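K.L.:
Could you work out the structure for the sequence below:
(chains A, B and C)
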Amino acid sequence: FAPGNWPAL
Amino acid sequence: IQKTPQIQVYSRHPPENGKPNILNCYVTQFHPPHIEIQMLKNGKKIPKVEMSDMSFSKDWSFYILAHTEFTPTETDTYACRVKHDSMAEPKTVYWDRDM
Amino acid sequence: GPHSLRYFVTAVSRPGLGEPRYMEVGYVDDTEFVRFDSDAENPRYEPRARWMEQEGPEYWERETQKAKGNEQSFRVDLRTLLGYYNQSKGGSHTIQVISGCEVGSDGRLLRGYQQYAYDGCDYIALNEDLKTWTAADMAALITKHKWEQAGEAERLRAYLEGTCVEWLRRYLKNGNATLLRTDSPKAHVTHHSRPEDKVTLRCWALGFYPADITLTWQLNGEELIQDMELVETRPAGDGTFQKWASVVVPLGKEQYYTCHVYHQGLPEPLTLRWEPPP
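P.N.:
Residues are numbered from 1 along each chain as shown, chains lettered A, B, ... in the order given. Next comes the structure:
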C-alpha cells in the first residue's frame, strides 16, 4: 500500500 | 554531485568454449540515472542486448543489469562500453573469463 | 525480524524529450514485489512476485490511480525545486524518495522513515521520533518550515505506524514461503598463475540467494582483509547472485591459505582450500 497524497515541497 | 559507474562484465554460468551462455554487464553506483550501455564483440557492437529495470539503492545511486546471449570461443574478445555524464569519455570494460 | 516494507520513488525531468518519468517500486524485506512505471505502454501498478497475484482487482485499481496522482505531485515538486535553486527549465533533475517501515519478529515498529533527495543529494528526512525533520540545505529549510507549520509529520506518522505496518504484516503472510527464501552457494577455488614468483587464488560463490554473503581468505587463523581483493555481489540474471574474493600468494604456498564462505542457507560456514586434480 504505497503512500498517497504526497506533501508538496 | 554526480557518481561514476562501477562496471562488472561476467557470464552467468562457468565459461566454456563453443557452448551457449549469457554475458552480463552489471553497472552500479551511478547518478544521474541516464546512461547508455553498449556490449561489444571484437570491436563490433552487439545488436540484441536486453536491459533489466533500473533501481536505486540506499545511497541514492542507480544500478542496472544488461545482458545478451553469447557463445564464447578461444579468440573472441567481449567487452562492455558505458557512456555517462560523470565521465569525460566512455568506459570500456573487457570480459575476463576468470573474473 | 527485522522485516521491512519500503517504497522507492524516482522522478526525473526530461526537457526536450517528453514528460517527466516516474517510478514507484515497493520492496518486502528488500525483495521487489510491486512496480509502477510511467514510460510503460499503459501505466499501472503490476506485481513483481507471483505471490502478489492473490490480491483482487480493487487493490490494483486503487494503487494504480494513487500512483498517477503521485506522479502529478512530483511533477509540481520538480518545478518547485527549480525555483528554490533558481535553475533552468531546460536541464534534467532527479527527485528520489525512500519511504517505509520496519518491524521485528513480534510485529512492533522498530523504525519508520521517509527521506528525500534531489540530484543524488539528501534534501530532507523525517527523524526517528516521527515528529521533526532534518533539512540538508537552505532550500530544504523552506520545505521544513511548510511541513512543520502544516503539521505534516503527524499525518505521515499515522501511515508509517498504522498503515505501513498493517499492510507489511499482510504481505508477509501472503508470501511467507517465498520470502523464507534460501539458496546455498556453490563454492570453489580457482588457481591463476603467472610467469612470476606469485600466484592468484580466487574463491567463488555461485547460485546463492539472498545476496547477503561474506567471503574471506585466512592465513593460519587471521583474516587478510587488507591484502584481499573482492568484487561487489552481482546478479547472475536468474534470481541468484555471484561473488568472489581473491588473494595473491607466494608460489608453492597455496595450501597455507584458507577461504571461508558465510551465508544464511549454509548449516555451517564452508572452508575451502586450493586442490588440483592434478
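K.L.:
any residue of the helix or strand encompassing residue C:165 up close to chain A?
P.N.:
Using DSSP states H and E, the element containing residue C:165 is helix C:164-174. Yes. Using CB under 8 Å from any CB of the partner chain as the criterion, contacts between helix C:164-174 and chain A involve C:164, C:167. C-beta: built from backbone N, CA, C; applies to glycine.
K.L.:
tell me which parts of chain A are close to chain B?
P.N.:
Where proximity means CB under 8 Å from any CB, chain A presents no interface facing chain B.
K.L.:
And the residue in chain A that chain C sits nearest to, how far from chain B?
P.N.:
Ranking the residues of chain A by distance to chain C (CB to the nearest CB) places residue A:1 first, at 4.1 Å. In this view, residue A:1 and chain B are 20 Å apart by CB to the nearest CB, to the nearest Å.
K.L.:
Am I right that residue C:107 is in a helix?
P.N.:
No. Secondary structure of residue C:107 (DSSP: H, G, I helix; E, B strand; the rest coil): coil, not part of a helix.
K.L.:
What residues of stretch C:250-264 count as buried?
P.N.:
Of the residues in stretch C:250-264, C:254, C:257-261, C:263 count as buried by neighbour count, 16 or more other CB atoms under 10 Å in any protein chain shown.
K.L.:
just stretch C:113-132 next, same as before
P.N.:
Buried residues in stretch C:113-132, defined by neighbour count with 16+ other CB under 10 Å: C:113-120, C:122-126, C:130.
K.L.:
Go ahead and produce CSV holding the CA coordinates of that stretch.
P.N.:
Once non-C-alpha atoms are left out, stretch C:113-132 reads as follows in CSV (Å, rounded to 0.1, in the frame of the first residue of the first chain):
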residue,chain,number,x,y,z
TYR,C,113,11.4,6.6,7.9
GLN,C,114,11.0,8.8,4.9
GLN,C,115,13.8,10.8,3.2
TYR,C,116,14.1,12.8,0.0
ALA,C,117,17.0,13.5,-2.3
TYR,C,118,17.5,16.0,-5.2
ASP,C,119,20.1,15.3,-7.9
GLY,C,120,21.5,12.5,-5.7
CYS,C,121,22.0,14.7,-2.6
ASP,C,122,20.0,14.4,0.7
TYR,C,123,17.3,17.1,0.7
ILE,C,124,15.0,16.4,3.7
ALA,C,125,14.5,13.4,6.1
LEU,C,126,11.9,12.5,8.8
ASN,C,127,13.6,11.9,12.1
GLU,C,128,13.3,8.7,14.1
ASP,C,129,11.0,10.4,16.5
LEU,C,130,8.5,10.8,13.6
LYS,C,131,7.8,14.4,14.7
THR,C,132,10.6,16.7,13.4
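K.L.:
Show me the contact partners of that stretch.
P.N.:
For stretch C:113-132, the surrounding residues in contact (CB atoms under 8 Å, 6 or more residues apart in numbering or on different chains) are A:3, A:9, B:1-3, B:31-32, B:60-61, C:81, C:93-101, C:111-112, C:133-137, C:139-140, C:143-144, C:148, C:153-154, C:156-157, C:160-161.
K.L.:
can I assume residue B:55 is in contact with residue C:25?
P.N.:
Yes. Taking CB atoms under 8 Å as the contact criterion, residue B:55 and residue C:25 are neighbours in contact, 6.4 Å apart.
K.L.:
who's residue C:242 bridged to?
P.N.:
The bridge-partner assignment for residue C:242, based on DSSP bridges, gives residue C:206, residue C:234.
K.L.:
give the contact list for it.
P.N.:
B:10, C:204-207, C:233-236 are the contacts of residue C:242 under CB under 8 Å, 6+ apart.
K.L.:
same thing but at 7 Å, please
P.N.:
For residue C:242, the residues meeting the contact criterion (CB atoms under 7 Å, 6 or more residues apart in numbering or on different chains) are C:205-206, C:234, C:236.
K.L.:
any idea how far the most centrally placed residue in chain B lies from residue C:186?
P.N.:
Central residue of chain B (CA atoms, centre = their mean): residue B:25, 2.3 Å from the mean position. The span separating residue B:25 from residue C:186 equals 23 Å under the rule CB to CB, to the nearest Å.
K.L.:
Run a quick neighbour tally on the closest residue to residue B:17 other than its chain neighbours.
P.N.:
Residue nearest to residue B:17 in three dimensions, not counting chain neighbours: residue B:73, with 5.2 Å by CB to CB, 6 or more residues apart in numbering or on different chains. The number of residues packed near residue B:73 is 10, by other CB atoms under 10 Å in any protein chain shown.
K.L.:
Next one: residue B:73 relative to chain C, how far apart?
P.N.:
Using CB to the nearest CB, we find residue B:73 at a distance of 20 Å from chain C.
K.L.:
residues touching the nearest residue to residue B:16 once chain neighbours are set aside, list them.
P.N.:
On the basis of CB to CB, 6+ apart, the spatially nearest residue to residue B:16 that is not a chain neighbour turns out to be residue B:72, at 7.1 Å. Neighbour list for residue B:72: B:15, B:17, B:21, B:97 [criterion: CB under 7 Å, 6+ apart].
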